[PDB]
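Engineer: Pasting in a structure now, in structure tokens, and then I'll have a few things to ask.
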Amino acid sequence: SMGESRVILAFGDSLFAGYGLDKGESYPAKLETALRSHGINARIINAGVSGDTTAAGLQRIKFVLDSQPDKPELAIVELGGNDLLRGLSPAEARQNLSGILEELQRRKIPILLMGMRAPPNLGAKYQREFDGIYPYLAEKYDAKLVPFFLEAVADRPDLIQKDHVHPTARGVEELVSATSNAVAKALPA
């Protein structure tokens, strides 16, 4: 094909940074290769930062854009999962994301928003509130939306890395039942 590559900014968290993966296995890297099958030569800027909240993304979006030698032709925004992991306000996550999208819109950079979904642990009230921020933002900022970015691995534990193992309340009870003898024995009489 003719021409310089198309520049795409992948602005996200550990799901874009490729946490736990080897060189070339992150989503941005594999997406760049896959877009050749759509007739597109892309250079995808991996602006994934592991652990970034929406507030962290807002803090760096201007710097990341000003750092680019070539202006992005599309920005993919994938943030909010770490807000959920911290149990942080969904409203504040929406506000922070709004500031990120507003900066991209000022610069006339098209936006694709990756929708995040809350697990049931924080409860239905929180989950509904969190989940709804993404359709709200896509409409308000005229962004395209992937409603559920992680949908293709939702039902596939075999496609999810084993790393953090946080017991449920019932799991804690199991740990206590297995280890209390050792604790009692270690405590001097």
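Letters A, B, ... go to the chains of the structure tokens in the order shown; residues in each chain start at 1; ligands are counted from 1 in the same order.
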I want to know what sits within 9 Å of residue 82 in chain A, based on only C-alpha atoms, with residues of the same chain fewer than 2 positions away left out; could you give that as a PDB file with N, CA and C atoms, in the first residue's frame?
Structural biologist:
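And here is the file that came out, result-v4.pdb:
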ATOM      1  N   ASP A  13      -5.679   1.964  30.402  1.00  0.00           N
ATOM      2  CA  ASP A  13      -5.103   1.461  31.641  1.00  0.00           C
ATOM      3  C   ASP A  13      -4.386   0.154  31.367  1.00  0.00           C
ATOM      4  N   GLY A  51      -3.025   0.782  36.147  1.00  0.00           N
ATOM      5  CA  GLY A  51      -3.524   1.469  37.368  1.00  0.00           C
ATOM      6  C   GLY A  51      -4.125   2.833  37.177  1.00  0.00           C
ATOM      7  N   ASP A  52      -4.142   3.396  35.965  1.00  0.00           N
ATOM      8  CA  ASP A  52      -4.687   4.730  35.765  1.00  0.00           C
ATOM      9  C   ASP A  52      -6.182   4.746  36.037  1.00  0.00           C
ATOM     10  N   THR A  53      -6.592   5.651  36.901  1.00  0.00           N
ATOM     11  CA  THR A  53      -8.002   6.027  37.113  1.00  0.00           C
ATOM     12  C   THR A  53      -8.424   7.015  36.029  1.00  0.00           C
ATOM     13  N   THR A  54      -9.720   7.336  36.002  1.00  0.00           N
ATOM     14  CA  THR A  54     -10.167   8.426  35.169  1.00  0.00           C
ATOM     15  C   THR A  54      -9.487   9.722  35.518  1.00  0.00           C
ATOM     16  N   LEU A  79     -11.028   3.783  30.066  1.00  0.00           N
ATOM     17  CA  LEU A  79     -10.732   4.111  31.451  1.00  0.00           C
ATOM     18  C   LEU A  79     -11.988   3.968  32.277  1.00  0.00           C
ATOM     19  N   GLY A  80     -11.754   3.741  33.573  1.00  0.00           N
ATOM     20  CA  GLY A  80     -12.817   3.631  34.577  1.00  0.00           C
ATOM     21  C   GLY A  80     -12.795   2.361  35.345  1.00  0.00           C
ATOM     22  N   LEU A  84     -13.673   1.744  39.419  1.00  0.00           N
ATOM     23  CA  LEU A  84     -14.499   0.621  39.996  1.00  0.00           C
ATOM     24  C   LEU A  84     -13.672  -0.161  41.033  1.00  0.00           C
ATOM     25  N   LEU A  85     -12.450  -0.510  40.728  1.00  0.00           N
ATOM     26  CA  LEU A  85     -11.610  -1.311  41.676  1.00  0.00           C
ATOM     27  C   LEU A  85     -11.359  -0.589  42.978  1.00  0.00           C
ATOM     28  N   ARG A  86     -11.316   0.700  42.977  1.00  0.00           N
ATOM     29  CA  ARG A  86     -11.158   1.558  44.157  1.00  0.00           C
ATOM     30  C   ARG A  86     -12.545   1.794  44.822  1.00  0.00           C
ATOM     31  N   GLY A  87     -13.691   1.352  44.204  1.00  0.00           N
ATOM     32  CA  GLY A  87     -15.062   1.717  44.668  1.00  0.00           C
ATOM     33  C   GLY A  87     -15.384   3.195  44.639  1.00  0.00           C
ATOM     34  N   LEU A  88     -14.738   3.906  43.755  1.00  0.00           N
ATOM     35  CA  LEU A  88     -14.874   5.350  43.660  1.00  0.00           C
ATOM     36  C   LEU A  88     -16.193   5.759  43.016  1.00  0.00           C
TER      37      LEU A  88
END
Engineer: Which residues in range 17-160 of chain A does DSSP call strand (DSSP E or B)? List them as an MDAnalysis selection string.
Structural biologist: chainID A and resid 42:48 74:78 111:114 144:146
Engineer: Would you kindly return, as number ranges by chain, each protein, DNA or RNA residue with an atom no farther than 10 Å from any atom of residue 138 in chain A, considering only C-alpha atoms and excluding same-chain residues fewer than 5 positions away?
Structural biologist: A: 98, 101, 111-115, 133, 143-147
Engineer: Could you take the residues named above and write them with C-alpha atoms, as a PDB file, in the first residue's frame?
Structural biologist:
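Output (selection01.pdb):
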ATOM      1  CA  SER A  98     -16.008  14.143  30.310  1.00  0.00           C
ATOM      2  CA  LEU A 101     -13.430  13.717  25.883  1.00  0.00           C
ATOM      3  CA  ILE A 111     -13.340   9.291  19.684  1.00  0.00           C
ATOM      4  CA  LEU A 112     -14.084   5.610  20.202  1.00  0.00           C
ATOM      5  CA  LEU A 113     -15.127   4.914  23.827  1.00  0.00           C
ATOM      6  CA  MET A 114     -14.548   1.442  25.299  1.00  0.00           C
ATOM      7  CA  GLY A 115     -17.419   0.651  27.646  1.00  0.00           C
ATOM      8  CA  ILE A 133     -21.834   6.537  32.345  1.00  0.00           C
ATOM      9  CA  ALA A 143     -18.326   9.321  20.303  1.00  0.00           C
ATOM     10  CA  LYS A 144     -18.656   5.836  18.964  1.00  0.00           C
ATOM     11  CA  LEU A 145     -19.115   3.244  21.737  1.00  0.00           C
ATOM     12  CA  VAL A 146     -18.108  -0.371  22.187  1.00  0.00           C
ATOM     13  CA  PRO A 147     -20.765  -1.114  24.804  1.00  0.00           C
TER      14      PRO A 147
END
Engineer: Using only C-alpha atoms, which residue out of A:140, A:60, A:162, A:71 lies closest to residue 19 in chain A?
Structural biologist: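 Checking each candidate against residue 19 in chain A, we get A:162 as the closest.
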Engineer: To one decimal place in Å, what is the distance between CA of residue 179 in chain A and CA of residue 163 in chain A?
Structural biologist: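 If I compute the distance from CA of residue 179 in chain A to CA of residue 163 in chain A, I get 22.1 Å.
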Engineer: Can you pull out the residues contacting range 29-46 of chain A? Cut-off 12 Å, using only C-alpha atoms, and skip same-chain residues under 3 positions away; I want them as a ChimeraX atom specification.
Structural biologist: /A:1-18,21-26,49-50,64-65,67-78
